[PDB]
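One chain follows as structure tokens, the form deposited in one PDB entry.
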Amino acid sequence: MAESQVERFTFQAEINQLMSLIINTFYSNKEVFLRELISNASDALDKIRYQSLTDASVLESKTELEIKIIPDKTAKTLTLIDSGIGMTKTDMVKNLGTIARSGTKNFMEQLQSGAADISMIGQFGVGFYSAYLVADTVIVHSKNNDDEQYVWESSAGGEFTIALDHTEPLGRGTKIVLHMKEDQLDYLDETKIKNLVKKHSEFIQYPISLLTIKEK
């Protein structure tokens, strides 16, 4: 018998509206989600790398600076792991949905006016929410040197939860798990995801491993 305390939070109103706009509108090309996942991993890796220049001890929790991308058709998941800075519990509450910058309202306005298309979401400071183009549920496991490992989860609908994480220890970094929508399962096809990772990583300075999971 296991026990966990789970904390439930409400999304900021504009973030809720944005998630609704991302989920309930048709977009012909959703590949930006993968660009944004990889972008966030790279930024997290840069942050810990630069921290290490001024204090080498920050890397002791995990010496490797790398990205792993794991399509799993059986599980209907795409997982992206980085060994970057990671997020504390408070970092996840603040960065993943309780605070909204002015980018949110302006992005929704520009989507509706035609000034911006969905592929431009990262420029408005809300790139993370692009995951909901292709995923019904997003799970973010993260470990920062300053906290225990936590897991954030949301299926949208106005709420997210955060709990102490009892799954595989990361050492340091973030493991984002996208539970893919049925009509978006093609993004788990090995050749398709391999080639898109190539397309969306030309400028990425960290090693990327693609690990395709086959069941039995």
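Between two forms, the rigid core is defined as the largest C-alpha subset superposing within 1.5 Å. Each residue number is its position in the shown sequence, starting from 1.
Absent from the display: the form deposited in another entry. The rest refers to it.
Of the residues checked (95, 145, 137, 110), the rigid-core alignment between the shown form and the other one shows a Cα shift of at least 2 Å for 110 alone.
Distance between the C-alpha atoms of residue 19 and residue 112: shorter in the other entry than here (change of 3 Å or more). Compared with the form shown here, the Cα atoms of residue 114 and residue 19 move at least 3 Å closer together in the other entry.
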